[PDB]
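Commentary on secondary and tertiary structure
So the chains spell out like this:
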Amino acid sequence: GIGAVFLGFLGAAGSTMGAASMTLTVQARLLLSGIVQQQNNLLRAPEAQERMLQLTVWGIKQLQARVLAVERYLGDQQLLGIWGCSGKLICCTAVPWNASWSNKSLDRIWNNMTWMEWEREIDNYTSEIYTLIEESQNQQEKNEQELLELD
Amino acid sequence: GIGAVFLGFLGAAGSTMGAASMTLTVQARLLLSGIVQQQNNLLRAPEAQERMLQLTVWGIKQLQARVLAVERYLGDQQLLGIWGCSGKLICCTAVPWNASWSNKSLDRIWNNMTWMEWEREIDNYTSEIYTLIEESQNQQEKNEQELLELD
Amino acid sequence: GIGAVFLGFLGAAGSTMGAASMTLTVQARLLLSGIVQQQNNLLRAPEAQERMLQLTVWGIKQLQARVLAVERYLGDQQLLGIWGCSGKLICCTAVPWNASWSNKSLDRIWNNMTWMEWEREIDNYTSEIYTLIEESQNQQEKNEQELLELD
Amino acid sequence: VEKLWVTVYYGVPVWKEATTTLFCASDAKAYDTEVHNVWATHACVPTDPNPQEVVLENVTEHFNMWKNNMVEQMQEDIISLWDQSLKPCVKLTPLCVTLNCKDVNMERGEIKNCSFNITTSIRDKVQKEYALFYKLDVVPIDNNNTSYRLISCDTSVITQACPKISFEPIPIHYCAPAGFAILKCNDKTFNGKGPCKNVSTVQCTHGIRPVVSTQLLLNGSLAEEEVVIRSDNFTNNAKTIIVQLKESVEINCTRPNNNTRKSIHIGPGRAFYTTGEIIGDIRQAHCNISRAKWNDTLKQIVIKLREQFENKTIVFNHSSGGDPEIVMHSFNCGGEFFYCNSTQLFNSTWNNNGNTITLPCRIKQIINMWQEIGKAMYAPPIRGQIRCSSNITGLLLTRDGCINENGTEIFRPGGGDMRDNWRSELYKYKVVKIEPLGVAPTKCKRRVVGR
Amino acid sequence: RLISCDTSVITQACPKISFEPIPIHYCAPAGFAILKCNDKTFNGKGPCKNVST
Amino acid sequence: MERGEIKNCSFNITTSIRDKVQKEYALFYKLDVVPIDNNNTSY
Amino acid sequence: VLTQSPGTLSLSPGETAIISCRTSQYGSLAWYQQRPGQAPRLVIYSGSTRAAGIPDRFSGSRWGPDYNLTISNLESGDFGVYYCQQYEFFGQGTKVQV
Ligand SMILES: *[C@@H]1O[C@H](CO)[C@@H](O[C@@H]2O[C@H](CO)[C@@H](O[C@@H]3O[C@H](CO[C@H]4O[C@H](CO[C@H]5O[C@H](CO)[C@@H](O)[C@H](O)[C@@H]5O)[C@@H](O)[C@H](O[C@H]5O[C@H](CO)[C@@H](O)[C@H](O)[C@@H]5O)[C@@H]4O)[C@@H](O)[C@H](O[C@H]4O[C@H](CO)[C@@H](O)[C@H](O)[C@@H]4O[C@H]4O[C@H](CO)[C@@H](O)[C@H](O)[C@@H]4O[C@H]4O[C@H](CO)[C@@H](O)[C@H](O)[C@@H]4O)[C@@H]3O)[C@H](O)[C@H]2NC(C)=O)[C@H](O)[C@H]1NC(C)=O
Ligand SMILES: *[C@@H]1O[C@H](CO)[C@@H](O[C@@H]2O[C@H](CO)[C@@H](O[C@@H]3O[C@H](CO[C@H]4O[C@H](CO)[C@@H](O)[C@H](O[C@H]5O[C@H](CO)[C@@H](O)[C@H](O)[C@@H]5O)[C@@H]4O)[C@@H](O)[C@H](O[C@H]4O[C@H](CO)[C@@H](O)[C@H](O)[C@@H]4O[C@H]4O[C@H](CO)[C@@H](O)[C@H](O)[C@@H]4O[C@H]4O[C@H](CO)[C@@H](O)[C@H](O)[C@@H]4O)[C@@H]3O)[C@H](O)[C@H]2NC(C)=O)[C@H](O)[C@H]1NC(C)=O
Ligand SMILES: *[C@@H]1O[C@H](CO)[C@@H](O[C@@H]2O[C@H](CO)[C@@H](O[C@@H]3O[C@H](CO[C@H]4O[C@H](CO[C@H]5O[C@H](CO)[C@@H](O)[C@H](O)[C@@H]5O[C@H]5O[C@H](CO)[C@@H](O)[C@H](O)[C@@H]5O)[C@@H](O)[C@H](O[C@H]5O[C@H](CO)[C@@H](O)[C@H](O)[C@@H]5O)[C@@H]4O)[C@@H](O)[C@H](O)[C@@H]3O)[C@H](O)[C@H]2NC(C)=O)[C@H](O)[C@H]1NC(C)=O
Ligand SMILES: *[C@@H]1O[C@H](CO)[C@@H](O[C@@H]2O[C@H](CO)[C@@H](O[C@@H]3O[C@H](CO[C@H]4O[C@H](CO[C@H]5O[C@H](CO)[C@@H](O)[C@H](O)[C@@H]5O[C@H]5O[C@H](CO)[C@@H](O)[C@H](O)[C@@H]5O)[C@@H](O)[C@H](O[C@H]5O[C@H](CO)[C@@H](O)[C@H](O)[C@@H]5O)[C@@H]4O)[C@@H](O)[C@H](O)[C@@H]3O)[C@H](O)[C@H]2NC(C)=O)[C@H](O)[C@H]1NC(C)=O
Ligand SMILES: *[C@@H]1O[C@H](CO)[C@@H](O[C@@H]2O[C@H](CO)[C@@H](O[C@@H]3O[C@H](CO)[C@@H](O)[C@H](O)[C@@H]3O)[C@H](O)[C@H]2NC(C)=O)[C@H](O)[C@H]1NC(C)=O
Ligand SMILES: *[C@@H]1O[C@H](CO)[C@@H](O[C@@H]2O[C@H](CO)[C@@H](O[C@@H]3O[C@H](CO)[C@@H](O)[C@H](O)[C@@H]3O)[C@H](O)[C@H]2NC(C)=O)[C@H](O)[C@H]1NC(C)=O
Ligand SMILES: *[C@@H]1O[C@H](CO)[C@@H](O[C@@H]2O[C@H](CO)[C@@H](O[C@@H]3O[C@H](CO)[C@@H](O)[C@H](O)[C@@H]3O)[C@H](O)[C@H]2NC(C)=O)[C@H](O)[C@H]1NC(C)=O
Ligand SMILES: *[C@@H]1O[C@H](CO)[C@@H](O[C@@H]2O[C@H](CO)[C@@H](O)[C@H](O)[C@H]2NC(C)=O)[C@H](O)[C@H]1NC(C)=O
Ligand SMILES: *[C@@H]1O[C@H](CO)[C@@H](O[C@@H]2O[C@H](CO)[C@@H](O)[C@H](O)[C@H]2NC(C)=O)[C@H](O)[C@H]1NC(C)=O
Ligand SMILES: *[C@@H]1O[C@H](CO)[C@@H](O)[C@H](O)[C@H]1NC(C)=O
Ligand SMILES: *[C@@H]1O[C@H](CO)[C@@H](O)[C@H](O)[C@H]1NC(C)=O
Ligand SMILES: *[C@@H]1O[C@H](CO)[C@@H](O)[C@H](O)[C@H]1NC(C)=O
Ligand SMILES: *[C@@H]1O[C@H](CO)[C@@H](O)[C@H](O)[C@H]1NC(C)=O
Ligand SMILES: *[C@@H]1O[C@H](CO)[C@@H](O)[C@H](O)[C@H]1NC(C)=O
Ligand SMILES: *[C@@H]1O[C@H](CO)[C@@H](O)[C@H](O)[C@H]1NC(C)=O
Ligand SMILES: *[C@@H]1O[C@H](CO)[C@@H](O)[C@H](O)[C@H]1NC(C)=O
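Attention in this report is confined to the structure presented alongside it. (Residues numbered from 1 in each chain as written, not as in the entry; some residues may be left out. Chains lettered and ligands numbered in written order. Part of a larger assembly, values for the part shown. Heavy atoms only, no water.)

Here we look at the pattern of salt bridges
When the charged atoms of two side chains lie near each other, side chains of opposite charge can form a pair. Residues and elements named next belong to chain D. Applying the stated criterion across every chain, the model contains 32 salt bridges over all chains. As a salt-bridge pair, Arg419 and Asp417 come within 3.3 Å of each other at their nearest N and O atoms. You can call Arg419 partly exposed: its relative accessible area is 32%. According to the relative accessible area criterion, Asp417 is partly exposed, its value standing at 35%. (Salt bridge = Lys/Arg side-chain N within 4 Å of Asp/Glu carboxyl O. Buried < 20%, exposed > 50% of the residue type's maximum accessible area, 1.4 Å probe, protein only.)

Structural notes on the sheet that holds strand β8 (residues 89–90) of chain G
Residue and element names in this part refer to chain G. Pairing is antiparallel across the open sheet formed by three strands, whose spatial order is β3-β7-β8. The open sheet terminates on both sides in strands that have one partner only, identified here as β3 (29–31) and β8. Taken together, the three bridges between β3 and strand β7 (residues 84–86) define a ladder with antiparallel strand orientation. Within β7, the position partnered with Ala30 by the bridge is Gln85. (Pairing = 2+ DSSP bridges. Helix = DSSP H or I, 4+ residues; strand = E, 2+ residues; numbered from the N terminus.)

Section: the site of ligand 2
Lining the immediate surroundings of ligand 2 are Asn233(D), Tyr26(G), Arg62(G), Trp63(G), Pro65(G) and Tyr87(G). Mapping the residues near ligand 2 onto chains gives chains D and G. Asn233(D) is positioned such that a nitrogen or oxygen atom in its side chain is 2.4 Å from an oxygen atom of ligand 2. The side chain of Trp63(G) places a nitrogen or oxygen atom 3.4 Å from an oxygen atom of ligand 2. Coverage of ligand 2 by the protein amounts to 22% of the 1,500 Å² it exposes when considered alone. (Near = heavy atom within 4 Å. Polar contact = N/O pair within 3.5 Å; in protein donor to acceptor, adjacent residues only side chain to side chain. Areas by Shrake-Rupley, 256 points an atom, 1.4 Å probe, with all protein chains shown as cover.)

A look at the state of the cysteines
Residues and elements named next belong to chain D. Tallied over the entire structure, the rule returns 11 disulfides over all chains. There is a disulfide in this structure between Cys185 and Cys196, and the S-S distance comes to 2.0 Å. Given an S-S torsion of about 130°, the disulfide between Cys185 and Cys196 has right-handed geometry. In this pair, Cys185 sits in strand β17 (residues 180–185) while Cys196 sits in the loop between β18 (193–195) and β19 (199–202), placing the two residues 11 residues apart along the sequence. Assigned by exposure class, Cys185 and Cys196 land together as buried. Two residues, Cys333 and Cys388, share a disulfide whose sulfurs are 2.0 Å apart. Its S-S torsion of about -135° marks the bond between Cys333 and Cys388 as left-handed, since a negative value means left-handed. (Disulfide = S-S within 2.5 Å.)

Quick notes on the interface of chain A and chain D
The interface is formed by 60 residues belonging to chain A together with 60 residues belonging to chain D. Summed over both partners, the interface of chain A with chain D comes to about 5,800 Å²; 68% of that surface belongs to carbon and sulfur atoms. At the boundary of chain A with chain D, the tally comes to one salt bridge. A salt bridge links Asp77(D) to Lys61(A), with the shortest nitrogen-to-oxygen separation between them at 3.0 Å. Taken together, chain A and chain D are joined by 18 residue pairs in polar contact. Elements represented by at least two residues in the side of chain A that touches chain D include exactly α2 (24–28), α3 (36–43), α4 (57–82), β1 (91–96), α5 (106–111), α6 (115–121) and α7 (126–150) of chain A. If you tally residues by element for the side of chain A that touches chain D, the top one is α4(A), at 12 residues. (Contact = heavy atoms within 4.5 Å. Buried area = accessible area lost by both parts, 1.4 Å probe.)

A look at the pairing of β19(D)
Residues and elements named next belong to chain D. Burial along β19 is two-sided: the residues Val199 and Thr201 and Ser200 and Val202 are all buried. Of the strand pairs in this sheet, strand β6 (residues 53–56) and β19 are connected by four bridges, and their pairing is antiparallel. Bridge pairing links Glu53 to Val202 in β19. In terms of strand pairing, β17 meets β19 through four bridges, oriented antiparallel. Across the sheet, the residue bridging to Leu183 is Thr201, located in β19.

Quick look at unusual backbone geometry
Between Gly407(D) and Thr408(D) the backbone carries a cis peptide bond, its omega angle lying at 0°. Summarising the element assignment, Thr408(D) is placed in the loop between β32 (384–399) and β33 (410–413). Between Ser5(G) and the following residue, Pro6(G), the backbone shows a cis peptide bond with an omega angle of -5°. Secondary-structure assignment places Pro6(G) in the loop between β1 (3–5) and β2 (18–22). Its identity is not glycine, yet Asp142(D) carries a phi of approximately 55°, on the positive side. Take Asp142(D): it is sitting in the loop between β12 (138–140) and β13 (147–150). Given a relative accessible area of 64%, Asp142(D) falls into the exposed group. The phi angle at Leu9(G) is positive, at roughly 75°, despite the residue not being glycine. Along the chain, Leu9(G) falls in the loop between β1 and β2. Judged by its relative accessible area of 17%, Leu9(G) is buried.

Some remarks on the packing of aromatic side chains
All told, the structure shown has 24 aromatic pairs over all chains when counted by the stated rule. Seen from their ring centres, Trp83(C) and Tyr130(C) are 4.9 Å apart, and the 70° between their planes marks the pair as edge-to-face. Linking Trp83(C) in the loop between α4 (57–82) and α5 (106–111) with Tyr130(C) in helix α7 (residues 126–150), this pair joins segments that are 47 residues apart in sequence. Looking at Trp83(C), the relative accessible area reads 14%, which means it is buried. Note on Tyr130(C): relative accessible area 35%, which makes it partly exposed. Clustering of aromatic rings is evident, with ring pairs tying together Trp39(D), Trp82(D), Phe167(D), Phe337(D) and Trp370(D). Lying across the ring of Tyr26(E), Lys61(B) places its NZ or CZ 5.5 Å from the centre. (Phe/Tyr/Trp six-rings, centres within 6.5 Å; stacked < 30°, edge-to-face > 60°. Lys NZ or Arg CZ within 6 Å of the ring centre and 35° of its normal.)

Concerning the sheet that holds strand β5 (residues 67–71) of chain G
Residue and element names in this part refer to chain G. Pairing in this open sheet of four strands is antiparallel, and the strands run β1-β2-β5-β4 from one edge to the other. Whereas interior strands pair on both sides, the edge strands pair on one side only; in this sheet they are β1 and β4 (58–60). Within this sheet the neighbouring strands show an average axis-to-axis angle of 15°, counted without direction. Here β1 pairs with β2 via three bridges, running antiparallel. Bridge assignment links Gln4 to a residue of β2, and that residue is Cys21. (Axes fitted to C-alpha atoms, helices over the stretch in contact; angles between N-to-C directions.)

Set out below in structure tokens:
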């Protein structure tokens, strides 16, 4: 219908936070491999001079940016790991919603604001938020440990 | 016995699909770190001229290929993520088996064909298959979301 | 209190194995992205000569080490995968504790030795241990498969 | 509501304004045929057959062409390729010999016949060789005897660009890296700076032909609705006014002389090519353009110029000063670099209440693009005659900031800086960095009411 | 005159270097593999039988 | 320290251009320079 | 085009002065000050913004056709002539003396 059909990269840029919540795979994919699929595929064109005359001016432009894309990507996958949820896309926590971050209610958050819009209104607190989830894991990580000893 | 003993890299190349289904770790390992273990270990030989005269002709041959191995590897790990199953090795889906892909039955698929052989017979449909699993996640990702709102 | 407050990178270096079991996130983070956060952030200083005169002497020192950090990191994440537990931090196995590795008891292991100290006393067996977990997965991976056939 | 909880989201549609090393896409018919050496085009990837783009609904991004790093990236690149491609080519450093020039028979001695002694591939032969030069490419010494010297030999390092290479402007796309995105302004008439409405995401831009001219904009993209004018601030009289035509006006040009190549081997394994002789008549280089098309185009401009200014009458004029590069319409035509005297196209007053144009041109061979540090390039002569046809797609103007009673407002051909050549095309686009991680509250706890 | 002095650039290889033919192996990268024909008499082109990684 | 630490020397060089052997004069330090054969005026 | 008012401009070290400037079209405002031997010294680069070595005394203050520059707590270095600049144009200017 709408959630089971085509959309496109970054299509829900101006769609509500709730709307975008279906089209994650679209922008959760191609973060990496958006280019490694295309590069490997298009680069094996019948040229036979891939990296001829060793490396060149486009030589570093790519590798300086190839090596970025992955660590940039592995940075967000390191957060999923360190927050104990690499299920991605959507994941709940014990960290509760400090209304000091946003006093607003549920109804309008998901059905009126968009993520671009939202992440701005919440940009300043994200640092403090993100650090709360890490300390949420470690409480849980010690509580796990304590029980590993006695059983 | 047979599943709890040694086998070797790519050993089940000509073994049935069912047989190979035990020796995944063998070829699920070393996709990356097959070389980073060996490289780091063998390169710390008493040479003290690792990257002497800055970078050379073997300098790029490795790095152009080092940086490939990971994105190539992270491409398949991105698929596991975007299909919602990075448990690896084996993972079920809601996407059913369109017999248009292969009319054949279960008995002979796992006990007569081999994966090299099989992936060929199914090569052309893989694109359409893979895209079905992505749209299988997002249906589930919205269905998850809808329930996050009301509870 | 103590587990819900600040600690610091590598703080529990001389703390008991049990103590360190809370401060994993500290040293489980920044393995990668410890530098990619700082690099990207500090490098976008108003210079506008990032990679000017193409690549230089610091050019490779970083990239030769940038590309290391990730494969080095992806090596440990490949182990988590190949042991069937990328939940990280803490994960149980069916592989039992061969007392040939360490005859000692539970009480003193977690409350007197430290990890630096411990991993030394167990260093020689780690190779044999690690290989036991891989063969623990594949037994389970075939046992999974067998049941996928009949249901 | 309920006990609300932070919940984290990977794959959200969020980006931020950003800058990062882009990479280039080549063309299929471009790479396949050899064309020998051409820029650094060979080292690029090929562009995807499917020109894939996604339109973004309900977005209105802000674009400002002027502060756009893709052009600080474009020229960075463009210079780097040249230097590196000419790195191996033949050095003309020993040719700094005293040139005994007699002239040949705009009759001041533009083509000059000069002699000089050089040592060959081998140090045992001082061969008195004779060659041809242009009046601009050469400069006299002391009293005007029969003696000259190369235009920048004493003060620069002249390098003969190998004839195997080509300066043909192959179009180019700036493909964006992963986790990043390049946006487009899909509007018809965009100011250049300000908010957009029809915005979309692409992987690479449209084909940007890296032509380098000095006064008119050639072979670029035309306007969509009606011609448009773009400046940072128009009161800032020290700011280039870019115009983009709706209808491209074709301009035919030529070096009529049928030249002969002459390889004088300075050696060891290298030679310096020059025109041995001229097969036929001796003639002048020029550029033909319909003056009807050109001035009816000037009608397009003035009406959209009067929009940014007051309905006050407008006047056009020849360039106040600068190097031949700037003060004259300079461009490459078939491998040779032209310098057309553009007084004709810019000498008119447009108010409210036949034939064709032939612009004279001089050919230079020793040239210094981008005005480098004692680094000059000698383009060898192209065999025979050359004739090429460009489309004027726009141009660059510079206002005279001292408004007068009569006046009224003067606009002469700009073109000091090169960053605008790229702005003229890269205005449509902008780069952003994708940030797929995002945290948001929804009533759901981390399922630890039991363990 | 030297055999190719006028037409080429002759470069004296430093005596410090050596042209000794040290054997070499082509180690394959990750996610790739190099196969071998472990047969005795192989034609050069065609199917193999005793193959290995 | 009066053995000739600062020395005033001359020499002919070809300029940017091969058509001028300009006899130029410059200063050198006694360490930075070394004589030849008999101590003439030559270093 | 710029109308720098007013003209007389003579006061004591223990006082305050305010110099106005008028314009038809908008623009980027600035201010200067000449000295014996020295050339014009910049003191304002946007309007609100100050130049290097400029205390809090130099108060720029009005969003409107009239823009002014105030330098309370006068001193002996303050003697000279000031001008208001907008793009290529200049102000009439004004000389303050002993
Ligand atoms: C805005 O855009 C416009 C439009 O794009 C731009 O205008 C374009 O400008 C470019 C270059 O500036 C022009 O391309 C060059 O054209 C010349 C001349 O064209 C030849 O071909 C015509 C017919 O086309 C045939 O060939 C094409 C492929 O080229 C083929 O696709 C087609 O089907 C057809 O088969 C001929 O009509 C033409 O004239 C002939 O006939 C005349 C009488 O009718 C006669 O008077 C002429 O003398 C001639 O006999 C001519 O043959 C091409 O020469 C040039 O190609 C050169 O460069 C490439 C890349 O290096 C190379 O592969 C080519 O072989 C060639 O280079 C060698 O050959 C030249 C002679 O052909 C020689 O002069 C070179 O020095 C070079 O020689 C070297 O190699 C040879 C071996 O090949 C060796 O023996 C020597 O020793 C030496 O080492 C380009 O194709 C466009 O034509 C032109 N378009 C228009 C519409 O005007 C405009 O510039 C842009 N504006 C700006 C500001 O950039
Ligand atoms: C490059 O060229 C640019 C032009 O192309 C140039 O940009 C312009 O520069 C000027 C000055 O530098 C900017 O300011 C303008 O000033 C106007 C002053 O009018 C007020 O004062 C008058 C005299 O005191 C009053 O007469 C007048 O009316 C009042 O008084 C009457 C008396 O009888 C009474 O009858 C009336 O009813 C009324 O009470 C008024 O009080 C100002 O008017 C002008 O317009 C703004 O206000 C209008 C409503 O009056 C709006 O319709 C208009 O859109 C302007 O809104 C501003 O604020 C909005 C909300 O923030 C923004 O959306 C607008 O873009 C605009 O933004 C300005 O203010 C922002 C405040 O935060 C600021 O951040 C912006 O940067 C911007 O300054 C306007 O304020 C003018 O805005 C500039 N832009 C334009 C398009 O003109 C530029 O300087 C040159 N150089 C460079 C480097 O760019
Ligand atoms: C190598 O070649 C170079 C360049 O060709 C020569 O460079 C010159 O070097 C000399 C060195 O001494 C410089 O000479 C100076 O001349 C000063 C006086 O010059 C004044 O008179 C000039 C005379 O030219 C007129 O006559 C000729 C023909 O006889 C015409 O072609 C020319 O157009 C002039 O005609 C006009 O003037 C006459 C009256 O003289 C009228 O009757 C006509 O009807 C015309 O109206 C003249 O050319 C000079 O013009 C210059 O200055 C005015 C400003 O006053 C400026 O607007 C012009 O554009 C131009 O620049 C000038 O009126 C003399 O006082 C001084 O001491 C010195 O001798 C000369 O400047 C150099 N020229 C350049 C361009 O650099 C070099 O000589 C030559 N060497 C050799 C060995 O051949
Ligand atoms: C260009 O300039 C260079 C460097 O300046 C010159 O290089 C010399 O080249 C000649 C080539 O023939 C070499 O000469 C050799 O000399 C051997 C004998 O040398 C012995 O006598 C030396 C005499 O010097 C004394 O007198 C002078 C003043 O007259 C004093 O300044 C000096 O200090 C000496 O005074 C002492 O000795 C006298 C007695 O002679 C006493 O009365 C005083 O009271 C002082 O006690 C003397 O200088 C030599 O000393 C050297 O050797 C001793 C070891 O014995 C060592 O300890 C010293 O440090 C010093 O090295 C020595 O006693 C001669 O046998 C041999 O065949 C040869 O001719 C000379 O070695 C070169 N010198 C150097 C530094 O390399 C060069 O000549 C000049 N060329 C031109 C064209 O100008
Ligand atoms: C972020 O949220 C936490 C809770 O998840 C906040 O901690 C709690 O804050 C309240 C104050 O609002 C503390 O005091 C109690 O307040 C109520 C009325 O507001 C009153 O009835 C109680 O008697 C008491 O005063 C409460 O103790 C505290 N909880 C803990 C465990 O400390 C925290 O303040 C929030 N921080 C920000 C920056 O929003
Ligand atoms: C891939 O598999 C799906 C099901 O998982 C197929 O969709 C279903 O296809 C059948 C046709 O085979 C549709 O029609 C029904 O067919 C039976 C007899 O075949 C008949 O008894 C029914 O009355 C009806 O005609 C069925 O509606 C359809 N399901 C949906 C939800 O659309 C699909 O066609 C397969 N595609 C390929 C390419 O194999
Ligand atoms: C590592 O641990 C495994 C068990 O997880 C060990 O395998 C078992 O080892 C015992 C010997 O200690 C085998 O024999 C039995 O021993 C007891 C007394 O020790 C005796 O009562 C029994 O009758 C029998 O002799 C047992 O069969 C064996 N299990 C299996 C499945 O083979 C293994 O030996 C340990 N290896 C090392 C290096 O520590
Ligand atoms: C016709 O052209 C004249 C100029 O020749 C225009 O006069 C200008 O009018 C604007 C206001 O519209 C003033 O700001 C200028 O100062 C005027 N300049 C001159 C030289 O007079 C006139 O407006 C035009 N009329 C129409 C109807 O287009
Ligand atoms: C525009 O008209 C003015 C007169 O209204 C002309 O101004 C003269 O300009 C010359 C310089 O070329 C001065 O020496 C005269 O003093 C000016 N006279 C006056 C009365 O201002 C001006 O030449 C005219 N411009 C054009 C292009 O014709
Ligand atoms: C949040 O608080 C601000 C005042 O700080 C108020 O203006 C706004 O309406 C509040 N939002 C809601 C949803 O109550
Ligand atoms: C959503 O509603 C709030 C107030 O309820 C408002 O401030 C905000 O601008 C709205 N979002 C949009 C996109 O209009
Ligand atoms: C699948 O269909 C083909 C005909 O398209 C047939 O030859 C083949 O035997 C079928 N396979 C099975 C297992 O029925
Ligand atoms: C498996 O059986 C099918 C037909 O049942 C046959 O086409 C195929 O070749 C068999 N596989 C092998 C490896 O023999
Ligand atoms: C382990 O065995 C050693 C002897 O091999 C002994 O000295 C040590 O005390 C034992 N440890 C424990 C905890 O029994
Ligand atoms: C822990 O106890 C064992 C013996 O029980 C001892 O060998 C070891 O050194 C102790 N660890 C520390 C850190 O003292
Ligand atoms: C033009 O100059 C050349 C130089 O060689 C000369 O031979 C020729 O006679 C000159 N032309 C005339 C008309 O004098």
